[PDB]
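Positions of Cβ are generated from backbone atoms using ideal geometry, with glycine treated the same way; all protein chains shown enter the neighbour counts. Basis: the model, the stated rules and, where named, an outside source; nothing here is a laboratory result.
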Protein chains: 2
Amino acid sequence: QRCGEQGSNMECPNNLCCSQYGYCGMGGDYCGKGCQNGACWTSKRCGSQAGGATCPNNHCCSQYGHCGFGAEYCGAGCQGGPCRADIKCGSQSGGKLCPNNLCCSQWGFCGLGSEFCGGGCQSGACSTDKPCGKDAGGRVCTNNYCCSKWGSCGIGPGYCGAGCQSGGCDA
Amino acid sequence: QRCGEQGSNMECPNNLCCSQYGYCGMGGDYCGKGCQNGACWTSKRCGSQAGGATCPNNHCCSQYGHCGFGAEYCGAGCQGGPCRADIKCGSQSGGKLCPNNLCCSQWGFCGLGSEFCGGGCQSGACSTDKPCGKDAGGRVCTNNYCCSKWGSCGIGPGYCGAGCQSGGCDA
Ligand SMILES: CC(=O)N[C@H]1[C@H]([C@H](O)[C@H](O)CO)O[C@@](O[C@H]2[C@@H](O)[C@@H](CO)O[C@@H](O[C@H]3[C@H](O)[C@@H](O)[C@H](O)O[C@@H]3CO)[C@@H]2O)(C(=O)O)C[C@@H]1O
Ligand SMILES: CC(=O)N[C@H]1[C@H]([C@H](O)[C@H](O)CO)O[C@@](O[C@H]2[C@@H](O)[C@@H](CO)O[C@@H](O[C@H]3[C@H](O)[C@@H](O)[C@H](O)O[C@@H]3CO)[C@@H]2O)(C(=O)O)C[C@@H]1O
(Lines give C-alpha, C1' and ligand atoms only; values in the text may rest on other atoms or scores of the structure.)
(Ligands and ions follow the chains in the order given, each with its own letter.)
Protein backbone atom coordinates (compact mmCIF):
# COMPACT_ATOMS: atom_id res chain seq x y z
CA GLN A 1 0.00 0.00 0.00
CA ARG A 2 2.88 2.46 0.11
CA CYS A 3 5.48 3.69 -2.36
CA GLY A 4 9.03 4.97 -2.34
CA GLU A 5 11.17 4.81 0.78
CA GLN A 6 8.09 3.87 2.80
CA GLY A 7 6.90 1.18 0.36
CA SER A 8 10.35 -0.27 -0.06
CA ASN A 9 10.89 1.42 -3.45
CA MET A 10 7.54 0.29 -4.80
CA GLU A 11 6.14 2.26 -7.71
CA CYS A 12 2.66 3.58 -8.47
CA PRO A 13 0.82 2.13 -11.49
CA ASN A 14 0.17 4.27 -14.58
CA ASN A 15 2.98 6.63 -13.66
CA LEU A 16 1.06 7.98 -10.57
CA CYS A 17 3.54 10.00 -8.50
CA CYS A 18 4.67 9.02 -5.05
CA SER A 19 4.46 12.03 -2.70
CA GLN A 20 7.10 12.73 -0.10
CA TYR A 21 4.89 10.80 2.34
CA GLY A 22 4.96 7.50 0.38
CA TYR A 23 1.41 7.64 -1.09
CA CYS A 24 0.24 7.48 -4.74
CA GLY A 25 -1.80 10.02 -6.69
CA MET A 26 -1.68 12.84 -9.18
CA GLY A 27 -1.56 16.60 -8.66
CA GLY A 28 0.72 19.13 -6.98
CA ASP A 29 0.55 17.22 -3.68
CA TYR A 30 2.12 14.09 -5.13
CA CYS A 31 4.04 15.25 -8.16
CA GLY A 32 5.35 18.62 -6.94
CA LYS A 33 8.10 18.91 -4.30
CA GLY A 34 9.25 15.71 -2.51
CA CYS A 35 7.96 13.50 -5.41
CA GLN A 36 9.67 10.12 -5.26
CA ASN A 37 8.93 8.20 -8.46
CA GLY A 38 6.35 8.31 -11.27
CA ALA A 39 5.44 11.46 -13.19
CA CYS A 40 7.27 13.93 -10.86
CA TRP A 41 7.11 17.59 -11.96
CA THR A 42 10.86 17.82 -11.64
CA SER A 43 12.13 14.87 -13.70
CA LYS A 44 14.65 12.88 -11.69
CA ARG A 45 18.33 12.90 -12.71
CA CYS A 46 19.95 9.74 -14.13
CA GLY A 47 22.86 8.23 -15.99
CA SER A 48 26.28 9.90 -16.20
CA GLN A 49 24.93 13.15 -14.83
CA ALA A 50 23.64 11.50 -11.66
CA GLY A 51 26.15 8.72 -11.00
CA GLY A 52 24.98 5.75 -13.09
CA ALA A 53 21.55 6.47 -11.65
CA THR A 54 18.72 4.55 -13.36
CA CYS A 55 15.20 5.96 -13.80
CA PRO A 56 12.25 4.55 -11.86
CA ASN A 57 9.12 3.33 -13.64
CA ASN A 58 11.19 2.33 -16.70
CA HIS A 59 11.49 6.01 -17.79
CA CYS A 60 14.14 6.78 -20.44
CA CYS A 61 17.34 8.53 -19.45
CA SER A 62 17.80 11.38 -21.95
CA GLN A 63 21.36 12.40 -23.03
CA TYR A 64 21.29 15.28 -20.50
CA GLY A 65 20.54 12.74 -17.75
CA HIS A 66 16.91 13.64 -16.92
CA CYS A 67 14.05 11.12 -16.72
CA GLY A 68 11.06 10.96 -19.07
CA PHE A 69 9.35 9.68 -22.25
CA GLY A 70 9.20 10.86 -25.91
CA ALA A 71 11.85 11.56 -28.58
CA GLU A 72 13.80 14.02 -26.45
CA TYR A 73 14.15 11.20 -23.90
CA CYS A 74 14.08 7.82 -25.58
CA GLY A 75 15.46 9.30 -28.78
CA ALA A 76 19.04 10.14 -29.72
CA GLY A 77 21.62 9.90 -26.97
CA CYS A 78 19.21 8.09 -24.51
CA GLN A 79 21.46 6.72 -21.74
CA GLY A 80 19.01 4.15 -20.30
CA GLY A 81 15.37 2.98 -20.08
CA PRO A 82 13.48 1.59 -23.09
CA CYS A 83 15.71 3.54 -25.52
CA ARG A 84 14.71 3.76 -29.19
CA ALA A 85 18.02 2.18 -30.24
CA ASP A 86 18.59 -1.54 -29.50
CA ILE A 87 20.68 -2.00 -26.34
CA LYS A 88 23.65 -4.30 -26.52
CA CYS A 89 24.91 -6.89 -24.10
CA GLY A 90 26.21 -10.31 -23.40
CA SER A 91 29.21 -12.19 -24.56
CA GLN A 92 29.14 -9.93 -27.65
CA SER A 93 29.74 -6.86 -25.44
CA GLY A 94 32.24 -8.15 -22.93
CA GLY A 95 29.64 -9.52 -20.52
CA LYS A 96 27.64 -6.27 -20.18
CA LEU A 97 24.46 -6.67 -18.21
CA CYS A 98 21.22 -5.10 -19.36
CA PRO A 99 19.90 -2.54 -16.86
CA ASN A 100 16.77 -3.01 -14.77
CA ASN A 101 17.07 -6.82 -14.98
CA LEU A 102 16.13 -6.96 -18.70
CA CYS A 103 17.05 -10.23 -20.41
CA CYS A 104 19.93 -10.34 -22.82
CA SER A 105 18.89 -12.36 -25.85
CA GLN A 106 21.02 -14.99 -27.44
CA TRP A 107 21.98 -12.28 -29.97
CA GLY A 108 23.14 -9.63 -27.53
CA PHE A 109 20.17 -7.27 -27.20
CA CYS A 110 18.34 -6.18 -24.07
CA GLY A 111 14.56 -6.70 -23.87
CA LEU A 112 11.73 -8.57 -22.11
CA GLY A 113 9.65 -11.32 -23.63
CA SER A 114 10.04 -14.89 -24.76
CA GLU A 115 12.48 -13.88 -27.48
CA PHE A 116 14.84 -12.27 -25.03
CA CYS A 117 14.19 -14.26 -21.87
CA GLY A 118 13.46 -17.54 -23.66
CA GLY A 119 16.15 -20.10 -24.55
CA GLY A 120 19.65 -18.60 -25.13
CA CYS A 121 18.92 -15.74 -22.68
CA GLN A 122 22.26 -14.73 -21.27
CA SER A 123 21.51 -12.56 -18.23
CA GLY A 124 18.60 -10.70 -16.65
CA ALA A 125 15.25 -12.24 -15.88
CA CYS A 126 15.86 -15.32 -17.98
CA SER A 127 12.87 -17.64 -17.77
CA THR A 128 15.00 -20.71 -18.54
CA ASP A 129 15.59 -21.21 -14.85
CA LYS A 130 18.95 -22.98 -15.17
CA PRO A 131 20.33 -24.67 -12.07
CA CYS A 132 23.12 -23.04 -10.06
CA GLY A 133 25.45 -24.37 -7.31
CA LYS A 134 26.80 -27.67 -5.99
CA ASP A 135 24.20 -29.70 -7.85
CA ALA A 136 25.26 -27.71 -10.90
CA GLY A 137 29.01 -28.20 -11.36
CA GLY A 138 29.00 -25.19 -9.09
CA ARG A 139 27.80 -22.62 -11.59
CA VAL A 140 26.98 -19.11 -10.41
CA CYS A 141 23.90 -17.02 -11.17
CA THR A 142 24.11 -13.88 -13.32
CA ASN A 143 23.31 -10.40 -12.03
CA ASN A 144 24.47 -11.54 -8.61
CA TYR A 145 21.19 -13.42 -8.22
CA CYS A 146 21.18 -15.64 -5.14
CA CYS A 147 21.58 -19.37 -5.70
CA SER A 148 19.00 -20.81 -3.29
CA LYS A 149 19.53 -23.99 -1.30
CA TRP A 150 17.43 -25.64 -4.01
CA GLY A 151 19.77 -24.69 -6.86
CA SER A 152 17.71 -21.82 -8.15
CA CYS A 153 18.59 -18.26 -9.01
CA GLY A 154 16.40 -15.47 -7.72
CA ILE A 155 15.92 -12.51 -5.42
CA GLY A 156 13.86 -12.93 -2.26
CA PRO A 157 14.01 -14.34 1.27
CA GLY A 158 13.66 -17.86 -0.09
CA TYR A 159 16.63 -17.53 -2.42
CA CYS A 160 19.01 -15.18 -0.61
CA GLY A 161 18.42 -16.42 2.91
CA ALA A 162 19.32 -19.66 4.64
CA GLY A 163 21.33 -22.08 2.50
CA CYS A 164 21.89 -19.44 -0.17
CA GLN A 165 24.89 -21.03 -1.87
CA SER A 166 26.06 -17.90 -3.78
CA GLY A 167 25.00 -14.51 -5.15
CA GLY A 168 23.76 -11.49 -3.17
CA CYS A 169 23.07 -13.83 -0.26
CA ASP A 170 21.87 -12.11 2.92
CA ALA A 171 22.82 -15.49 4.40
CA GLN B 1 5.49 -3.04 1.17
CA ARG B 2 3.27 -5.14 -1.07
CA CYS B 3 2.56 -5.31 -4.79
CA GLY B 4 -0.28 -6.20 -7.10
CA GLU B 5 -3.79 -6.80 -5.78
CA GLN B 6 -2.41 -6.81 -2.24
CA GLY B 7 -0.34 -3.62 -2.68
CA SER B 8 -3.11 -1.81 -4.45
CA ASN B 9 -1.55 -2.33 -7.91
CA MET B 10 1.87 -1.16 -6.79
CA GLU B 11 4.81 -2.28 -8.89
CA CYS B 12 8.25 -3.62 -7.98
CA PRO B 13 11.29 -1.50 -8.89
CA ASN B 14 13.72 -2.66 -11.60
CA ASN B 15 11.09 -4.91 -13.13
CA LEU B 16 11.13 -7.31 -10.08
CA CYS B 17 8.12 -9.62 -10.43
CA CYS B 18 5.20 -9.64 -8.06
CA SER B 19 4.38 -13.21 -7.02
CA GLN B 20 0.82 -14.42 -6.65
CA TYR B 21 1.15 -13.54 -2.94
CA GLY B 22 1.85 -9.81 -3.52
CA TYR B 23 5.62 -9.83 -2.77
CA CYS B 24 8.58 -8.67 -4.93
CA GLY B 25 11.58 -10.69 -6.10
CA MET B 26 13.10 -12.59 -8.97
CA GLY B 27 13.07 -16.30 -9.77
CA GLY B 28 10.48 -19.00 -10.47
CA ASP B 29 8.65 -18.21 -7.22
CA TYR B 30 7.84 -14.65 -8.26
CA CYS B 31 8.00 -14.66 -12.03
CA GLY B 32 6.56 -18.11 -12.81
CA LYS B 33 2.86 -18.92 -12.34
CA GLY B 34 0.63 -16.32 -10.61
CA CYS B 35 3.08 -13.46 -11.49
CA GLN B 36 1.26 -10.15 -11.28
CA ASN B 37 3.44 -7.42 -12.80
CA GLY B 38 7.15 -6.92 -13.62
CA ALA B 39 9.24 -9.41 -15.58
CA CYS B 40 6.68 -12.29 -15.50
CA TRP B 41 7.75 -15.43 -17.38
CA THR B 42 4.47 -15.41 -19.26
CA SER B 43 4.27 -11.86 -20.66
CA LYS B 44 0.88 -10.36 -19.87
CA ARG B 45 -1.61 -9.72 -22.69
CA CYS B 46 -2.47 -6.15 -23.72
CA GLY B 47 -4.03 -3.88 -26.30
CA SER B 48 -6.60 -5.08 -28.84
CA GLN B 49 -5.93 -8.71 -28.02
CA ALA B 50 -6.74 -8.22 -24.34
CA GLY B 51 -9.44 -5.55 -24.36
CA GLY B 52 -7.61 -2.21 -24.45
CA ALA B 53 -5.47 -3.64 -21.66
CA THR B 54 -2.36 -1.56 -20.87
CA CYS B 55 0.94 -3.10 -19.71
CA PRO B 56 2.21 -2.62 -16.16
CA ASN B 57 5.66 -1.22 -15.47
CA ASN B 58 5.53 0.86 -18.69
CA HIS B 59 6.21 -2.29 -20.82
CA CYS B 60 5.53 -1.97 -24.57
CA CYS B 61 2.49 -3.63 -26.07
CA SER B 62 3.74 -5.53 -29.14
CA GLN B 63 1.46 -5.84 -32.24
CA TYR B 64 0.40 -9.34 -31.10
CA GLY B 65 -0.71 -7.84 -27.78
CA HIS B 66 1.93 -9.28 -25.41
CA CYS B 67 3.97 -7.21 -22.93
CA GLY B 68 7.73 -6.63 -23.08
CA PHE B 69 10.78 -4.62 -24.24
CA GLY B 70 13.01 -4.63 -27.37
CA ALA B 71 12.33 -4.25 -31.12
CA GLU B 72 9.78 -7.04 -31.27
CA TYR B 73 7.82 -5.11 -28.61
CA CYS B 74 8.49 -1.40 -28.86
CA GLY B 75 9.22 -1.71 -32.57
CA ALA B 76 6.84 -1.88 -35.51
CA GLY B 77 3.16 -2.25 -34.70
CA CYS B 78 3.66 -1.50 -30.92
CA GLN B 79 0.14 -0.83 -29.57
CA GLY B 80 1.15 0.94 -26.33
CA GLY B 81 3.96 1.65 -23.81
CA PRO B 82 7.04 3.70 -24.70
CA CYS B 83 6.70 2.79 -28.42
CA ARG B 84 9.55 3.60 -30.80
CA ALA B 85 7.23 5.73 -32.95
CA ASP B 86 6.00 9.09 -31.55
CA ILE B 87 2.49 8.76 -30.09
CA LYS B 88 -0.09 11.27 -31.16
CA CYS B 89 -2.70 13.12 -29.18
CA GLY B 90 -4.48 16.26 -28.31
CA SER B 91 -6.52 18.68 -30.28
CA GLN B 92 -4.57 17.47 -33.33
CA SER B 93 -5.99 13.94 -32.87
CA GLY B 94 -9.56 14.63 -31.89
CA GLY B 95 -8.84 14.96 -28.17
CA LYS B 96 -7.06 11.59 -27.80
CA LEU B 97 -5.53 11.08 -24.40
CA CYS B 98 -2.06 9.64 -24.00
CA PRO B 99 -2.09 6.33 -22.10
CA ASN B 100 -0.67 5.85 -18.61
CA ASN B 101 -1.16 9.55 -17.79
CA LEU B 102 1.64 10.73 -20.14
CA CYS B 103 1.51 14.43 -20.99
CA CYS B 104 0.42 15.54 -24.41
CA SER B 105 2.75 18.27 -25.60
CA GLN B 106 1.61 21.45 -27.20
CA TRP B 107 2.44 19.73 -30.52
CA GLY B 108 0.39 16.58 -30.06
CA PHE B 109 2.90 13.98 -28.89
CA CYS B 110 2.82 11.82 -25.78
CA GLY B 111 5.80 11.90 -23.39
CA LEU B 112 7.02 12.88 -19.91
CA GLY B 113 9.33 15.76 -19.13
CA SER B 114 9.29 19.52 -19.14
CA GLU B 115 8.84 19.61 -22.90
CA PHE B 116 5.68 17.56 -22.76
CA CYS B 117 4.31 18.44 -19.34
CA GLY B 118 5.59 22.01 -19.35
CA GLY B 119 3.60 24.96 -20.74
CA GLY B 120 1.14 24.04 -23.56
CA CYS B 121 0.68 20.52 -22.12
CA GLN B 122 -2.78 19.44 -23.15
CA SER B 123 -3.61 16.39 -21.01
CA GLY B 124 -1.88 13.89 -18.76
CA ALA B 125 0.35 14.80 -15.85
CA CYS B 126 0.70 18.42 -16.90
CA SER B 127 2.86 20.28 -14.40
CA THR B 128 1.22 23.62 -15.23
CA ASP B 129 -1.34 23.03 -12.52
CA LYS B 130 -4.12 25.11 -14.07
CA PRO B 131 -7.13 25.91 -11.89
CA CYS B 132 -10.39 24.01 -12.34
CA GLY B 133 -13.95 24.66 -11.07
CA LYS B 134 -16.11 27.52 -9.78
CA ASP B 135 -13.12 29.76 -9.20
CA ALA B 136 -12.14 28.89 -12.75
CA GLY B 137 -15.06 29.85 -15.01
CA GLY B 138 -16.01 26.30 -14.15
CA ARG B 139 -13.41 24.51 -16.22
CA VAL B 140 -13.05 20.75 -15.92
CA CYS B 141 -9.88 18.71 -15.46
CA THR B 142 -8.59 16.41 -18.20
CA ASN B 143 -8.29 12.64 -17.81
CA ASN B 144 -11.24 12.79 -15.44
CA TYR B 145 -8.90 14.15 -12.77
CA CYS B 146 -10.78 15.32 -9.69
CA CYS B 147 -11.15 19.06 -9.22
CA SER B 148 -10.45 19.46 -5.48
CA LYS B 149 -12.28 21.93 -3.26
CA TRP B 150 -9.21 24.11 -3.73
CA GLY B 151 -9.51 24.29 -7.52
CA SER B 152 -6.82 21.77 -8.26
CA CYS B 153 -6.75 18.74 -10.49
CA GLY B 154 -5.37 15.50 -9.14
CA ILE B 155 -5.95 11.95 -7.98
CA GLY B 156 -6.01 11.20 -4.25
CA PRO B 157 -8.19 11.48 -1.15
CA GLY B 158 -7.49 15.20 -0.96
CA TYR B 159 -8.66 15.87 -4.51
CA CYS B 160 -11.40 13.31 -5.11
CA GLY B 161 -12.95 13.36 -1.65
CA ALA B 162 -14.95 16.00 0.19
CA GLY B 163 -15.68 19.13 -1.85
CA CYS B 164 -14.44 17.48 -5.04
CA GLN B 165 -16.15 19.79 -7.53
CA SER B 166 -15.79 17.51 -10.61
CA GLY B 167 -13.85 14.61 -12.12
CA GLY B 168 -13.62 11.03 -10.82
CA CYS B 169 -14.85 12.30 -7.45
CA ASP B 170 -15.43 9.60 -4.83
CA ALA B 171 -17.35 12.44 -3.17
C1 LIG C 1 15.52 15.84 -22.67
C2 LIG C 1 16.15 16.37 -21.39
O3 LIG C 1 17.07 15.73 -20.87
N4 LIG C 1 15.61 17.51 -21.04
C5 LIG C 1 15.73 18.34 -19.88
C6 LIG C 1 16.22 19.74 -20.28
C7 LIG C 1 17.45 19.70 -21.16
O8 LIG C 1 18.53 18.99 -20.55
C9 LIG C 1 17.96 21.11 -21.49
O10 LIG C 1 17.04 21.73 -22.36
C11 LIG C 1 19.40 21.09 -21.92
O12 LIG C 1 19.53 21.57 -23.27
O13 LIG C 1 16.50 20.49 -19.09
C14 LIG C 1 15.39 20.69 -18.23
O15 LIG C 1 15.92 21.25 -17.03
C16 LIG C 1 16.72 22.42 -17.10
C17 LIG C 1 16.24 23.65 -16.36
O18 LIG C 1 16.32 23.39 -14.94
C19 LIG C 1 17.12 24.84 -16.69
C20 LIG C 1 16.86 26.17 -16.05
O21 LIG C 1 18.00 27.08 -16.06
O22 LIG C 1 18.47 24.43 -16.32
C23 LIG C 1 18.96 23.32 -17.02
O24 LIG C 1 20.23 23.10 -16.46
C25 LIG C 1 21.00 24.34 -16.29
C26 LIG C 1 21.40 24.33 -14.82
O27 LIG C 1 20.23 24.55 -14.00
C28 LIG C 1 22.53 25.31 -14.47
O29 LIG C 1 23.06 24.92 -13.13
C30 LIG C 1 23.64 25.08 -15.47
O31 LIG C 1 24.65 26.09 -15.19
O32 LIG C 1 23.16 25.17 -16.80
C33 LIG C 1 22.29 24.09 -17.08
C34 LIG C 1 22.12 23.93 -18.56
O35 LIG C 1 21.14 22.92 -18.93
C36 LIG C 1 18.15 22.06 -16.74
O37 LIG C 1 18.57 20.97 -17.58
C38 LIG C 1 14.42 21.74 -18.78
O39 LIG C 1 13.27 21.92 -18.42
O40 LIG C 1 14.96 22.52 -19.67
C41 LIG C 1 14.66 19.39 -17.90
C42 LIG C 1 14.46 18.47 -19.04
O43 LIG C 1 14.05 17.19 -18.52
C1 LIG D 1 6.44 -9.75 -29.80
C2 LIG D 1 5.27 -10.58 -29.32
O3 LIG D 1 4.16 -10.04 -29.22
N4 LIG D 1 5.63 -11.82 -29.10
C5 LIG D 1 4.98 -12.95 -28.51
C6 LIG D 1 4.92 -14.11 -29.51
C7 LIG D 1 4.37 -13.69 -30.86
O8 LIG D 1 3.07 -13.10 -30.75
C9 LIG D 1 4.26 -14.89 -31.82
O10 LIG D 1 5.56 -15.29 -32.18
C11 LIG D 1 3.29 -14.60 -32.93
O12 LIG D 1 3.97 -14.63 -34.20
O13 LIG D 1 4.10 -15.15 -28.96
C14 LIG D 1 4.57 -15.71 -27.74
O15 LIG D 1 3.53 -16.56 -27.27
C16 LIG D 1 3.01 -17.56 -28.11
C17 LIG D 1 3.12 -19.01 -27.64
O18 LIG D 1 2.25 -19.18 -26.50
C19 LIG D 1 2.68 -19.95 -28.74
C20 LIG D 1 2.66 -21.43 -28.51
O21 LIG D 1 1.82 -22.19 -29.41
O22 LIG D 1 1.31 -19.55 -29.07
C23 LIG D 1 1.19 -18.24 -29.55
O24 LIG D 1 -0.20 -18.08 -29.74
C25 LIG D 1 -0.82 -19.24 -30.40
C26 LIG D 1 -1.96 -19.63 -29.47
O27 LIG D 1 -1.41 -20.21 -28.26
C28 LIG D 1 -2.99 -20.56 -30.11
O29 LIG D 1 -4.20 -20.56 -29.24
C30 LIG D 1 -3.39 -19.94 -31.43
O31 LIG D 1 -4.29 -20.89 -32.06
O32 LIG D 1 -2.26 -19.67 -32.23
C33 LIG D 1 -1.48 -18.64 -31.65
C34 LIG D 1 -0.55 -18.06 -32.66
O35 LIG D 1 0.38 -17.07 -32.10
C36 LIG D 1 1.59 -17.20 -28.50
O37 LIG D 1 1.60 -15.87 -29.06
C38 LIG D 1 5.78 -16.63 -27.96
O39 LIG D 1 6.55 -17.02 -27.10
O40 LIG D 1 5.89 -17.05 -29.18
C41 LIG D 1 4.88 -14.65 -26.69
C42 LIG D 1 5.59 -13.44 -27.20
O43 LIG D 1 5.53 -12.42 -26.18
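Among the residues making up region A:144-158, those that are closer than 18 Å to B:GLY32 by Cβ and under 18 Å from the mean Cα position of the chain (by Cα) are A:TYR145, A:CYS146, A:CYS153, A:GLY154, A:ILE155, A:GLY156.
Determine, yes or no, whether B:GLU11 is under 20 Å from A:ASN15 (Cβ atoms), within 7 Å of chain A (Cβ to nearest Cβ) and among the charged types (D, E, K, R). Yes, satisfied.
Which residues, counting only those in region B:38-87, are under 12 Å from A:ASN58 (Cβ atoms) and either assigned by CATH to the domain that holds B:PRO13 or away from ligand 2 (no atom under 12 Å from the Cβ) (or both)? Scanning region B:38-87 gives B:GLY38, B:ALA39, B:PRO56, B:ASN57, B:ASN58, B:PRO82. Within region B:63-85, the residues that satisfy the criterion of being in a loop (DSSP other than H, G, I, E, B) and either small (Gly, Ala, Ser) or within 16 Å of ligand 1 (Cβ to nearest atom) (or both) are B:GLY65, B:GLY70, B:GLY75, B:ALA76, B:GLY77, B:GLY81, B:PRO82, B:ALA85.
Just one of the numbered conditions (1) crowded, with 16+ Cβ neighbours inside 10 Å; (2) touching a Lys or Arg at 6+ places or on another chain (Cβ under 7 Å) is not true of A:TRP150: (2).
If only residues of region B:24-46 that are more than 19 Å from the chain's Cα centre (by Cα), facing chain A (nearest Cβ under 7 Å) and assigned to a loop (DSSP other than H, G, I, E, B) are counted, the one that is surrounded by the most Cβ atoms within 10 Å (Cβ to Cβ) is B:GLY27.
Kindly list, by first and then second residue, each pair from a residue in region A:20-35 that is in contact (Cβ under 8 Å) with a residue 60 or more places away in the chain to a residue that is surrounded by fewer than 24 Cβ atoms within 10 Å (Cβ to Cβ), limited to pairs with Cβ atoms under 8 Å and residues at least 6 apart or on different chains. Listed by first residue and then by second, the contacts come to nothing, as the list is empty.
Just one of the numbered conditions (1) within 12 Å of chain A (Cβ to nearest Cβ); (2) in a helix (DSSP H, G or I); (3) in contact (Cβ under 8 Å) with a residue 12 or more places away in the chain; (4) within 16 Å of ligand 2 (Cβ to nearest atom) is not true of B:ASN100; which one? If we test B:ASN100 against (1) within 12 Å of chain A (Cβ to nearest Cβ); (2) in a helix (DSSP H, G or I); (3) in contact (Cβ under 8 Å) with a residue 12 or more places away in the chain; (4) within 16 Å of ligand 2 (Cβ to nearest atom), just (4) comes out false.
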